Student: 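If you scroll down you'll find the structure; I have some questions about it.
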Amino acid sequence: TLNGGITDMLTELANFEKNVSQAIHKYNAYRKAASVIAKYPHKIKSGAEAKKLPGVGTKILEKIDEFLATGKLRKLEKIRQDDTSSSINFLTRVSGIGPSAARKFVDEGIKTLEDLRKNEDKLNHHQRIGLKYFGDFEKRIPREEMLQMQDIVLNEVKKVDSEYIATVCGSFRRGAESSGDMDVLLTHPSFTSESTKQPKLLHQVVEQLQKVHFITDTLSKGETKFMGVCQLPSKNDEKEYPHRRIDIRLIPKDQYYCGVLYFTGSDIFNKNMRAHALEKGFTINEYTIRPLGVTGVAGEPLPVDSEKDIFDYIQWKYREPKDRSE
DNA sequence: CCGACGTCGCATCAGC
DNA sequence: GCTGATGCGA
DNA sequence: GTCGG
Ligand SMILES: Nc1ccn([C@H]2C[C@H](O)[C@@H](COP(=O)(O)OP(=O)(O)[C@H](Cl)P(=O)(O)O)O2)c(=O)n1
Ligand SMILES: Nc1ccn([C@H]2C[C@H](O)[C@@H](COP(=O)(O)O)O2)c(=O)n1
Ligand SMILES: [Cl-]
Ligand SMILES: [Mg+2]
Ligand SMILES: [Mg+2]
Ligand code: NA
Ligand code: NA
Ligand code: NA
């Protein structure tokens with residue numbers, strides 16, 4: 001794209017601040033700046049031009065000037081050369097290893113892929129599966145594969161109970177030609193904001209997907225959120241498909257629109273929209289939009305009958321899913 | 001200047 | 001066991 | 001790191 005060099009630089013800085021510095025707000029600031037520059041429809045000529053965008057300030061403007069003049073950023077060149085930062089950044093690429101566990105592993109001399117495989121007994125379950133599928137989980141999913149996966153999930157869910165509705169969200173719902181994983185929103189009329197009239201609603205679906213060998217591993221699992229591993233079936237003599245991350249979120253059926261707004265994302269779009277809600281005097285989660293009293297405490301849920309109702313409350317024009325890929 | 005920055009599910013741990 | 005952080009993830 | 005009161 002037009003400003004790929006700048007946005008990659010800001011993303012690398014974002015990852016440093018999260019993984020090494022453990023500075024969650026600097027991480028989000030860099031990602032917000034990279035996102036707003038990514039959708040800017042001109043090739044940026046100067047830091048000053050970029051600083052006009054919301055989320056770009058004086059410091060990123062200076063870095064943009066350095067990068068435009070030299071093609072690189074000295075601050076990043078040094079980070080790339082630091083072994084502890086290098087080790088930490090690698091270890092956090094394993095699902096289940098975060099900034100804290102990464103730094104503890106390096107303290108103990110566990111810093112490479114051979115180190116990890118040599119010490120499986122020092123990994124919790126999630127980390128163990130992330131290491132197992134380390135290569136697969138960095139591969140992207142062609143939309144064609146997402147379509148075959150959607151068909152399995154939708155048909156298997158239908159076999160459990162035809163009253164389930166499963167909706168693939170994430171980047172797939174935003175129309176992306178490839179996705180990092182599969183996100184499935186799930187509803188069933190027995191689970192509403194007012195009652196749960198049937199247990200094991202999420203479990204039953206997971207069990208059925210395991211029994212047809214679509215779901216292969218479990219990272220975490222509770223009553224409303226499954227986080228796991230899935231894999232398409234391959235034909236005779238075919239090489240196997242890579243294993244894929246899958247997330248399944250069971251949402252109260254009457255709160256579907258807030259739930260599908262949340263799970264469609266992107267993450268940055270949700271942050272921006274929820275931040276706008278707060279400025280407008282509302283708070284949004286995956287269940288409800290509520291007003292804020294002068295108090296500061298959230299009031300009662302407002303009526304929502306479409307995704308667009310949520311946008312209307314905060315005085316945003318509606319944005320189709322394909323336009324939320326911030 | 002400086003407080004706020006989105007919001008929450010599940011796993012793990014510490015204190016009682 | 002419970003409860004309230006903290007980690008890591010969506 | 002950036003924003004807004
Ligand atoms: N920090 C986050 C992460 C995710 N989310 C929401 C929004 C996101 O679209 C949805 C699924 O999480 P993913 O990490 O899979 O994001 P996607 O938008 O699907 C990525 Cl573009 P992907 O295609 O690489 O998976 O969960 C969020 O609200 N906050
Ligand atoms: N997973 C889903 C998807 C849609 N729905 C409901 C919400 C609306 O009444 C309707 C939306 O239909 P559609 O968005 O496919 O046009 O179906 C649901 O209850 N659970
Ligand atoms: Cl709520
Ligand atoms: Mg996804
Ligand atoms: Mg603010
Ligand atoms: Na700006
Ligand atoms: Na990780
Ligand atoms: Na996901």
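The figures here come from the full heavy-atom set of this structure, side chains too, leaving out hydrogens, waters and symmetry mates. Numbers restart at 1 for each chain; the letters A, B, ... are given by sequence-line order, proteins then strands.
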Student: If you only use heavy atoms from C-beta on, which nucleotide in D:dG1, B:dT12, B:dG6 is closest to the side chain of A:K59?
Tutor: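 So the nucleotide nearest the side chain must be D:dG1.
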Student: Would you indicate which nucleotide in D:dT2, B:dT7, B:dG9 comes nearest to any side-chain atom of A:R274?
Tutor: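 Ranking D:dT2, B:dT7, B:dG9 by closest atom to the A:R274 side chain puts B:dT7 first.
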Student: Once you round it to whole Å, what is the distance between P of B:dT12 and NZ of A:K104?
Tutor: 14 Å
Student: Provide the distance between the two P atoms, one in B:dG6 and one in D:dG5, to the nearest whole Å.
Tutor: 16 Å
Student: Reckon A:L250 touches a base, only the sugar-phosphate, or nothing at all at heavy-atom distances under 4.0 Å?
Tutor: nothing
Student: Taking for each residue the nucleotide of DNA chain B with the nearest heavy atom, is it A:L202 or A:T283 whose nucleotide lies nearer the 5' end?
Tutor: A:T283
Student: Send over the distance from A:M227 CE to B:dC8 P, rounded to a whole Å.
Tutor: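 Between P of B:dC8 and CE of A:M227: 17 Å.
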Student: Take atom CG of A:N285 and atom P of B:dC8, then tell me their distance rounded to the nearest Å.
Tutor: 5 Å
Student: What is the distance, to the nearest angstrom, from the NZ atom on A:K280 to the P atom on B:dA4?
Tutor: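 These atoms are roughly 21 Å apart.
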Student: Partners of A:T92 by side-chain hydrogen bond (donor to acceptor under 3.5 Å, both in side chains), sequence neighbours excluded?
Tutor: A:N19
Student: Can you sort out the partners of A:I152 under side-chain contact (heavy atoms from CB on, under 4.5 Å), two or more places apart, ordered by chain and number?
Tutor: A:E156, A:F214, A:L232, A:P233
Student: Can you check whether A:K225 has a side-chain N or O nearer than 4.0 Å to OP1 or OP2 of B:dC10?
Tutor: no
Student: Report the distance from atom CD of A:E326 to atom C1' of B:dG6, rounded to the nearest whole Å.
Tutor: 14 Å
Student: Starting at atom NE2 of A:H125, determine the distance to atom P of B:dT12, rounded to an integer number of angstrom.
Tutor: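 Those two atoms, NE2 and P, are 9 Å apart.
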Student: From CG of A:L278 over to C1' of B:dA4, roughly how many Å is that when rounded to an integer?
Tutor: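 For the pair A:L278 CG and B:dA4 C1', the rounded distance is 10 Å.
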Student: Can a side chain N or O of A:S220 be found less than 4.0 Å away from OP1 or OP2 on C:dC8?
Tutor: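 Checking C:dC8 against A:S220, no side-chain N or O comes under 4.0 Å of OP1 or OP2.
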Student: Under a 4.0 Å heavy-atom cut-off, which of residues 26-35 of chain A touch DNA chain D?
Tutor: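 Only A:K26, A:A29, A:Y30 qualify.
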Student: Think A:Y287 has a side-chain N or O under 4.0 angstrom from the OP1 or OP2 of B:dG6?
Tutor: no
Student: Tell me whether the sugar of C:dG9 sits north or south, going by the sign of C1'-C2'-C3'-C4' (positive is north, negative is south).
Tutor: north
Student: With a non-hydrogen cut-off below 4.0 angstrom, is A:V94 in contact with a base, only sugar-phosphate, or nothing?
Tutor: sugar-phosphate
Student: Can you tell me how far P of C:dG9 sits from CE of A:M182, to the nearest Å?
Tutor: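 Value for this atom pair: 21 Å.
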Student: With a non-hydrogen cut-off below 4.0 angstrom, is A:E17 in contact with a base, only sugar-phosphate, or nothing?
Tutor: nothing
Student: Would you indicate which nucleotide in B:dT12, B:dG9, B:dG6 comes nearest to any side-chain atom of A:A275?
Tutor: B:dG6
Student: Mind jotting down which residue pairs meet the side-chain hydrogen bond (donor to acceptor under 3.5 Å, both in side chains) criterion with at least one end in residues 33-43 of chain A? Sequence neighbours excluded, please.
Tutor: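 Sorted pair list: A:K39-A:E326, A:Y40-A:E49.
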Student: Under the side-chain contact (heavy atoms from CB on, under 4.5 Å) rule, collect the residues that match up with A:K75, sequence neighbours excluded.
Tutor: A:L13, A:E17, A:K63, A:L73, A:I79
Student: Can A:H25 be classed as stacking with the base of B:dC5, given a centroid separation cut-off of 5.5 Å and a plane angle cut-off of 30°?
Tutor: yes
Student: Could you tell me which residues satisfy side-chain hydrogen bond (donor to acceptor under 3.5 Å, both in side chains) with A:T112, sequence neighbours excluded, listed by chain and number?
Tutor: A:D115
Student: What about A:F134 and A:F90, are their ring centers closer than 6.0 Å?
Tutor: yes
Student: Between A:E108 and A:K104, does the salt bridge (charged side-chain N to carboxylate O under 4.0 Å, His left out) criterion hold? Intermediate values first, please.
Tutor: CA-CA 6 Å; A:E108 301 170 351; A:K104 195 184 179 290; 2.4 Å; yes
Student: Checking side chain to side chain contact (heavy atoms under 4.5 Å, CB included) for the pair A:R244/A:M146: CA distance, chi angles, key distance, verdict?
Tutor: CA-CA 10 Å; A:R244 310 299 195 181; A:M146 296 286 293; over 6 Å; no
Student: Would you classify A:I284 as touching base, sugar-phosphate or nothing, given that sugar-phosphate means primed atoms plus P, OP1 and OP2, and contacts are heavy atoms under 4.0 Å?
Tutor: sugar-phosphate
